[PDB]
Amino acid sequence: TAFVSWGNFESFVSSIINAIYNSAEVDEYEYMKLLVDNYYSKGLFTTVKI
Amino acid sequence: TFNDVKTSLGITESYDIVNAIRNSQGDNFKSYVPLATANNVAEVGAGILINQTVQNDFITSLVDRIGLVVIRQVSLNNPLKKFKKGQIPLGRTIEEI
Amino acid sequence: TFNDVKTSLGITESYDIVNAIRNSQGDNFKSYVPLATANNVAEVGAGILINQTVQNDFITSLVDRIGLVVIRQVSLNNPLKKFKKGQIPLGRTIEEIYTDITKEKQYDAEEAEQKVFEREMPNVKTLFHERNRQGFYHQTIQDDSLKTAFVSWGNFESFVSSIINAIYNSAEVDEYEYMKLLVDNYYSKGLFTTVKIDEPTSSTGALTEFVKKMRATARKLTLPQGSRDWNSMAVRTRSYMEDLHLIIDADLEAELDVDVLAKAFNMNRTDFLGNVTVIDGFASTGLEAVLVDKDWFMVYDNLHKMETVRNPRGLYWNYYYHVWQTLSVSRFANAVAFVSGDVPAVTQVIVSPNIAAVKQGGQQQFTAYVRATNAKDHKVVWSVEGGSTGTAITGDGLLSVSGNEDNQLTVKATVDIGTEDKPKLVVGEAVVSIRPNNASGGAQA
Amino acid sequence: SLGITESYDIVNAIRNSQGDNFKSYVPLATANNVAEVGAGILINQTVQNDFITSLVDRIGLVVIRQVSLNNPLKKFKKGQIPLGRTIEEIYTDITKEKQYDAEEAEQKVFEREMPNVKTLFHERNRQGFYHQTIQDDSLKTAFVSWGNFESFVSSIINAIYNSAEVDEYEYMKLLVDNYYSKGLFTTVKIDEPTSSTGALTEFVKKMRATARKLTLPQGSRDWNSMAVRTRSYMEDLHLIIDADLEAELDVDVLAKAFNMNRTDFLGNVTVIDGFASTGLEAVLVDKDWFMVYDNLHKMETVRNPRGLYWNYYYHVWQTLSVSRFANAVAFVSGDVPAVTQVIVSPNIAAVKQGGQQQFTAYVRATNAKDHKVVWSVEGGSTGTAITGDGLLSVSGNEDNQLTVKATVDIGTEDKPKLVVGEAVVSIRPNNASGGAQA
Amino acid sequence: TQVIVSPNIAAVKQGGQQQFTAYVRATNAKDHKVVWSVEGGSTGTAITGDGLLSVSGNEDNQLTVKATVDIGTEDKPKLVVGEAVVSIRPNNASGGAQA
Amino acid sequence: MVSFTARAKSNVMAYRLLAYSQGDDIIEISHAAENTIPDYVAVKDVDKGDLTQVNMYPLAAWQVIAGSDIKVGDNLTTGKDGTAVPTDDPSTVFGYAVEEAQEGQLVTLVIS
Amino acid sequence: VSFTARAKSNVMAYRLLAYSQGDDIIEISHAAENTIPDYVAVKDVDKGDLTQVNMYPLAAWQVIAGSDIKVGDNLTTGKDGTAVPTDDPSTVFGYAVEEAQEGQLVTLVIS
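What counts as what
Residues numbered from 1 in each chain as written, not as in the entry; some residues may be left out. Chains lettered and ligands numbered in written order. Part of a larger assembly, values for the part shown. Heavy atoms only, no water. UniProt positions renumbered as here; feature names shortened; annotations may be inferred. Helix = DSSP H or I, 4+ residues; strand = E, 2+ residues; numbered from the N terminus. Rg over C-alpha atoms; globule rule 2.2 N^0.38 Å. Buried < 20%, exposed > 50% of the residue type's maximum accessible area, 1.4 Å probe, protein only. Areas by Shrake-Rupley, 256 points an atom, 1.4 Å probe, with all protein chains shown as cover. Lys, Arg positive; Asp, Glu negative; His and termini not counted. Charge placed at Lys NZ, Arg CZ, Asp CG, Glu CD. Contact = heavy atoms within 4.5 Å. Buried area = accessible area lost by both parts, 1.4 Å probe. Salt bridge = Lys/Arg side-chain N within 4 Å of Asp/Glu carboxyl O. Polar contact = N/O pair within 3.5 Å; in protein donor to acceptor, adjacent residues only side chain to side chain. Nonpolar A, V, L, I, M, F, W, Y, C, P; charged D, E, K, R; others polar. Pairing = 2+ DSSP bridges. Core = buried A, V, L, I, M, F, W, Y, C linked by side-chain atoms within 4.5 Å. Patch = residues over 30% accessible without salt bridge, like charges linked within 9 Å, V, L, I, M, F, W, Y side chains within 5 Å. Axes fitted to C-alpha atoms, helices over the stretch in contact; angles between N-to-C directions. Expected span 1.5 Å × (residues − 1). Parallel < 35°, antiparallel > 145°, perpendicular 65-115°, else oblique.

- Regarding how it was determined, this PDB entry cites cryo-EM in its header, along with a resolution of 3.2 Å.

- Per the PDB entry, the recorded name for chain F is Capsid fiber protein, and the organism is Bacillus phage phi29.
- Here the PDB entry title reads "The cryo-EM structure of the head of the genome empited bacteriophage phi29".

- Identification of chain C as Major capsid protein from Bacillus phage phi29 is taken from the PDB entry.
- Chain C has a UniProt comment under Subunit that states "Homohexamer. Homopentamer. The prolate capsid is composed of pentamers and hexamers of the capsid protein."

**A few points about the overall build of chain C**
Now for step 1: A count of helical and extended segments in chain C gives 6 helices and 17 strands.
Now for step 2: Its C-alpha atoms give chain C a radius of gyration of 33 Å, clearly above 22 Å, the size a compact globule of 445 residues would have.
Now for step 3: Going through the 445 residues of chain C one by one, you find that 43% of them count as buried.
Now for step 4: By element, 49% of the accessible surface of chain C is carried by carbon and sulfur atoms, the whole surface being about 24,800 Å².
Now for step 5: Charge-centre separation for chain C: the mean point of 44 positive side chains lies 3 Å from the mean point of 55 negative side chains.

**Some points on the overall build of chain F**
Now for step 1: Regarding its fold elements, chain F presents 0 helices and 10 strands.
Now for step 2: Computed over its C-alpha atoms, the radius of gyration of chain F comes to 13 Å, within 12% of the 13 Å expected for a compact globule of 112 residues.
Now for step 3: C-alpha atoms of chain F, sized along the principal axes, occupy 40 × 25 × 25 Å.
Now for step 4: Looking at the 112 residues of chain F, the share that counts as buried comes to 50%.
Now for step 5: Contacts spanning at least 24 positions in sequence make up 52% of the contacts within chain F whose residues lie at least 6 apart.
Now for step 6: Carbon together with sulfur atoms contributes 46% to the accessible area of chain F, which is approximately 5,100 Å² in total.

**Overview of the interface of chain B and chain C**
Now for step 1: In this assembly, 50 residues from chain B lie in contact with 62 residues from chain C.
Now for step 2: Across the interface of chain B and chain C, roughly 5,000 Å² is buried in total on both sides, 57% from carbon and sulfur atoms.
Now for step 3: Run the count over chain B and chain C and you get 3 salt bridges.
Now for step 4: Between the two partners, chain B and chain C, sit 32 residue pairs in polar contact.
Now for step 5: Mapped by element, the contributors of at least two residues to the side of chain B that touches chain C are helix 1 (17-22), helix 2 (38-44) and strand 1 (66-72) of chain B.
Now for step 6: Looking at which element gives the most residues to the side of chain B that touches chain C, the answer is strand 1 of chain B, with 7 residues.
Now for step 7: Split by residue class, the side of chain B that touches chain C holds 28 nonpolar, 15 polar and 7 charged.
Now for step 8: Here strand 1 of chain B runs beside strand 1 (residues 93-100) of chain C; their pairing, made up of 6 bridges, is parallel. Residue pairing for strand 1 of chain C: B:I66 is matched across the bridge by C:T93.

**What to know about the sheet that holds strand 7 (residues 52-54) of chain E**
Residues and elements named next belong to chain E.
Now for step 1: Read from one edge to the other, the open sheet built from 3 strands follows the order 3-7-6, with strand pairing classed as antiparallel. One side of each edge strand has no neighbouring strand; the edge strands of this open sheet are strand 3 (17-19) and strand 6 (46-47).
Now for step 2: For strand 3 and strand 7, the ladder comprises 3 bridges, and the chain directions are antiparallel. What sits directly across from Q19, in strand 7, is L52.

**Some points on the pattern of salt bridges**
Now for step 1: If you walk through the whole model with that rule in mind, you get 51 salt bridges over all chains.
Now for step 2: A salt bridge links C:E175 to C:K84, with the nearest nitrogen and oxygen atoms 3.1 Å apart. Remark: C:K84 occurs in the loop between helix 1 (38-44) and strand 1 and C:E175 occurs in helix 4 (residues 170-188); sequence separation between them is 91 residues.
Now for step 3: Classification of C:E175 by relative accessible area gives buried; the value is 3%.
Now for step 4: Residue D:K205 pairs with D:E202 through a salt bridge whose shortest N-O separation is 3.9 Å.

**Details of the nonpolar core**
Now for step 1: By size, the foremost hydrophobic cluster in this structure holds 41 residues, and its most contacted members are C:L181, C:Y186, C:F192, C:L287, C:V290, C:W296 and C:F297.
Now for step 2: Secondary-structure elements contributing two or more residues to this core are helix 1 and helix 2 of chain B together with helix 4, strand 7 (290-293) and strand 10 (335-339) of chain C.
Now for step 3: Those residues in contact with C:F192, other than ones at most four positions away along the chain, are C:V183, C:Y186, C:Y187, C:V290, C:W296, C:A335, C:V336, C:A337, C:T347 and C:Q348.

**Here we look at a negative patch on the surface**
All names here are of chain C.
Now for step 1: There is a patch of like negative charges on the surface, built from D108, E110, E111 and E113.
Now for step 2: Inspection of the secondary structure puts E110 in helix 2 (residues 109-112).
Now for step 3: By relative accessible area, which is 57% here, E110 ends up exposed.

**Here we look at the arrangement of the chains**
Now for step 1: In this assembly, 10 pairs of chains are in contact, and the pair contributing the most contacts is chains B and C.
Now for step 2: Over all C-alpha pairs, chain A and chain F never come within contact, reaching a minimum spacing of 44 Å.
Now for step 3: Between chain D and chain F there is no contact, and the shortest C-alpha to C-alpha distance separating them is 21 Å.

**Some points on the sheet that holds strand 4 (residues 193-196) of chain C**
Residue and element names in this part refer to chain C.
Now for step 1: Spatially, 4-10-7-5-6 is the arrangement adopted by the 5 strands of the open sheet, whose pairing is mixed. Unpaired on one side and paired on the other, strand 4 and strand 6 (277-279) mark the two borders of the sheet. Here the average twist between neighbouring strands, direction ignored, is 25°.
Now for step 2: In this sheet, strand 6 lies alongside strand 5 (residues 244-249) in parallel orientation, the contact comprising 3 bridges. Considered in strand 6, the bridge of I247 is made with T277.
Now for step 3: The strands that helix 5 (residues 204-221) touches are strand 4, strand 5, strand 7 and strand 10; relative to strand 10, the one it contacts most, it runs at about 170°.

**So, the environment of D:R306**
Now for step 1: Looking at the secondary structure, you find D:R306 in the loop between strand 9 (292-304) and strand 10 (309-319).
Now for step 2: D:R306 gets classed as partly exposed once you look at its relative accessible area, which sits at 42%.
Now for step 3: Spatially, the C-alpha atom of D:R306 lies 26 Å from that of D:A159, the residues being 147 residues apart in sequence.
Now for step 4: Sequence-distant contacts of D:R306, defined by excluding residues within four places in its chain, comprise C:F136, C:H138, C:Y320 and C:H322.
Now for step 5: Among the polar contacts listed, one links the side chain of D:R306 to the side chain of C:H138, at a separation of 3.3 Å.

**Describing helix 3 (residues 146-181) of chain D**
All names here are of chain D.
Now for step 1: Look at helix 3: 52 Å from first C-alpha to last across 36 residues, which is about the 52 Å you get at 1.5 Å a residue.
Now for step 2: Capping of helix 3 at its N-terminal end is provided by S145; its side-chain oxygen lies 3.1 Å from the backbone amide nitrogen of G147.
Now for step 3: In the stretch just after helix 3, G183 is the one whose phi turns positive, near 75°.

**A short note on the packing of helix 4 (residues 198-214) of chain D against helix 5 (residues 243-252) of chain D**
Residues and elements named next belong to chain D.
Now for step 1: Direction vectors running N to C along helix 4 and helix 5 enclose 100°, while the axes themselves pass 10 Å from each other. Taken together, the axes of helix 4 and helix 5 are roughly perpendicular relative to one another. The residues of helix 5 that touch helix 4, namely those facing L200, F203, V204 and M207, are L245, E248, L249 and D252.
Now for step 2: Residues that form the contact of helix 4 with helix 5 fall into these classes: 6 nonpolar, no polar and 2 charged.

**Let's talk about the side chain of C:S188**
Now for step 1: As for its placement among the helices and strands, C:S188 is situated in helix 4.
Now for step 2: Within the structure, C:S188 has its side chain in polar contact with the backbone oxygen of C:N185 (distance 2.9 Å).
Now for step 3: Once residues lying within four places of it in the same chain are set aside, the contact partners of C:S188 are B:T12, B:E13, B:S14, B:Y15, B:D16 and B:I17.

**Here we look at the side chain of C:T326**
Residue and element names in this part refer to chain C.
Now for step 1: Tracing the backbone shows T326 in strand 9 (residues 316-326).
Now for step 2: Overall, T326 belongs to the buried group, its relative accessible area being 1%.
Now for step 3: A distance of 3.2 Å separates a polar atom in the side chain of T326 from a polar atom in the side chain of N302.
Now for step 4: Sequence-distant contacts of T326, that is, excluding residues within four places in its chain, are made with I94, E130, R131, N132, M298, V299, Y300 and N302.

**Some details on unusual backbone geometry**
Now for step 1: Even without a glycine there, the phi angle at D:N268 is positive, about 45°.
Now for step 2: As for its placement among the helices and strands, D:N268 is situated in the loop between helix 5 and strand 7 (270-272).
Now for step 3: The class of D:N268 is partly exposed, set by a relative accessible area of 27%.
Now for step 4: One non-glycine residue, G:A7, lies in the positive phi region at around 50°.
Now for step 5: Counting through the fold element by element, G:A7 comes out in the loop between strand 1 (2-5) and strand 2 (16-20).
Now for step 6: Given the relative accessible area of 4%, G:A7 is considered buried.

Encoded structure:
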């Protein structure tokens, strides 16, 4: 009901699919900054003061 | 389904460019003075959040329609995917020695 | 026709070089003293505006002729035409849709037993552009009376061609001023992401502190994970480095040009990192160096129509050159305005999808996105201005409407800055319509 | 709901329905949603999508109504005239049988028996145009397809055409009333029809008696307004009547209910909205009684460059007049005069000085009584008079144009009301002497 | 049962005029007078007694053209109202008083 | 028409009858007093301190707010708030109605 | 502009007219003697006939003279809507700029 075009409707249904994979790319980036902040909070980094 | 939404929705009106043009005295808005339809650019030239039915100027009963749908497509990528090591379907534990 | 006239007509004449000065002092004007015909060269040597029929110096019945006609021609081009994006024949409005990312859930097989067919809505913000300008450039050429003014056909045509190029220059002059106006509209409406800088003209440290914020924001705009900030709709979006366009003026170039580059053994490390374009404007105060994606401009076209009529009674043509355009700005692209001077603490408070459409008795969380300029402050104050008696927002954005809620609501995210005695607020707003529930209603146990 | 004046709320009437008439909508779901956008929104408030709320439910179909407003009276049109202004409509009439006489035939081999030919003269009289302005560039916003854009542009040209069929209907209602405003119909006095069931039978009787009389293949003189022996066809009669009597007649009578789809029983019944004059309840005319022709159909357009509109002009020039030669009857109630008109003789003449032309007054009376005609001669200067049977007798030195009149005087002896029938008589000179006789 | 105003959707400039037309669905056969009325606020926009709107120069608000027919009687008023919606075009090129 | 500048001095309302006075180097205008002959008619709201103009032209008729019910042909004068009302005292008549008006409706008038 | 008038009693062209009211529509008749007229007939109008009054504010009228009028004479209504000289202010509706005998049209400037 929001599209009067089949060429636009299957560009927007295909777009929701890409928002799933962009959710995967973003979170997996955030999970890998989480492993760095976790390793700092536990103090297992050796620490060089500047 | 909305009943009344003006175009300044969530807008801070920092210097109100319409008065900055039509009440200009010498200031750097001098070049916007010869513009004929600055008021129709400055009103809705920043994108409209909530759509509003715009009646046709010539015949007032027709509704001006939507001429283009631009479905914006953005790819995001993990920067740190180069640090990824592999894939392991079988078993659960990884032992470094 | 004309009777007598002075030679200095529109001349204000700060000092009279002719008699009051060159005849007067023994100063640096001694290089002009021995010139015999200097009082004539100083008289009409600026050009004159009204032509007399000067007689001839020997045969006084003769007249003096125009010996040369110099038709001078200009070609005016829009420096921003590379940002123009197309044409629309039919329709008025543009529906630009952004889909955004969603949130992860945890794997659990026991709960998955009963929540197979559960549904989760996407996160889709849209914005809207509609046709803005409708103008025309009237011009009239009366060809037959203009034959009295020329002697060559080769000059007659090059003049009538020139008037056709008086429009098509003015259509490029006014289109440029409208594309600058979209920038100053977007700053006046308070929608750029302002990076506070110093005025780079003052100290060369303030210039060099500006190149650092320039290259950082350019590197920040193009991080492959994207970033939620830097645009007005506040979505995660990722710019391409070839698609950043730094729009400075001519003065701010020559600051970088003379100071920064001249004294740079490695030129590419203090480069602006964009497709630098040059204007002479921005018109407002402190605004300079607008760094945008190329998708920021939504300039489309609707009509390029040259329509002519000929009056046959009076021998002239009218040239109505109509220009209709949709001159607007995408907010889904990300845009930074490096504003010098004093800027406020908070420029805008971006909120959640402003079309929430919540059922009676339902809940909806509203996420505030404060565009703070400096470093940190500014807890958000929430509000449910609109309908009431049950409608109550928490300290986070949960709405929790009512069973009796009917009218549309205005969810406000208020940020107090400045003085406690005259509290300047930056109030972001969100709309929500209330559809009826119709089940678990009426009276209740 | 913009200008809606309710009689009740149907939403309350169905919800508060504990068993009454609304119990068929209780099993329905979403009857409230049909209760809201049932009649159709007038201003089209923009509606969001139901799943993803940011999206906009778009207009999906443009339905352009292309109703053609046709003319009932267009089948009474008789062609076109590209060059010219007037129409010479002529008619030859009956001559009298003589008895075969060989003995008389000797001196009358070369007798002149003049034909009886009469004319009428129509003229172009309708010069009216139409005007619609189309701003094609600013209407391109209201459309997405080129087919819906062009079908709407063509909708307006046909609305000029619906306008042209409007006005030419109204002039042909005017051509009837003009003809009845001048007493040129043959008038049948009726009772007022809606007062009685019996006065509806007396209406259909006096109509079908007249429809049989009009289409008598015999011919008659008593129904055209130029008193000429003529004929109608049953497939060319046309009862022009309003809608209000037409419904009264085809129900209360049950002779018209048996014959509603028939071409006889007056037939070709053309319902109108009604006549502007007072007692004119119905009109029974021939299809040749109208002489609507077409002198022009132009569509001249012009462009405005400054304002980007096309400007249409559609020119209709017509010849709107009726023919007096055809049969035509008005069925009239109310106070009706005893005589509508005195139709006269050969209406023009060229009588030679000392000549004679026998005239004949036809009195279209309504009361079915026997009225007296009083012949008189006006104009002229030399004592030209007329007998009581209608014999004009031009004097012999008469020079002026004569106008012979035939009056009835249906009025009263204290206040006369004369219905004057007229005929003009020119003079041809005669070089014969005359002067006095004995 | 109804009063239908001639143009539901109108668009009148500052100072412009627009004729409206009342269309009374009288179910009896009697004549009924239409009272014209214009609501909407901002300035002194009024209408003529026959239906000609005269938008007044400083009108900013969305107007509304009422068309009232009094059926019923005195002290028992039944007011069948028709309705037309007017937006304004900003033709801010005029004066104040006029004589 | 001949236009000139005039300043309102008391909340001029549209379609009201106006009078004027000599002010601080300017003609000041306001609603005409009750029971008199007005000089100008408002066709725009102009507040107490607002500056505006007057368009001079021998208009055949004015369209003003009816202060009461008006019958066709009624002689009119000023009423409350500068509205036009029916009268019968010649000295206060400035025009007459050519159309019916109910209180609060516009009434077209012809000047005399 | 213009408006509909219903006449009243046999209006003659060029005669001075005055308005009244009755059933509804403004009634027009010949102006009474010794006063100020409202309108000038441009054509003959039958007793109950509807017509138009062309309000195109004229500075001068063409009115039939009821008597000998000289240049500059102040004029008022005469008998049967004709224009006649007057020496009594308040009856004056204009003045002649032309000289006229009797029954002749005379141009006058309204004042």
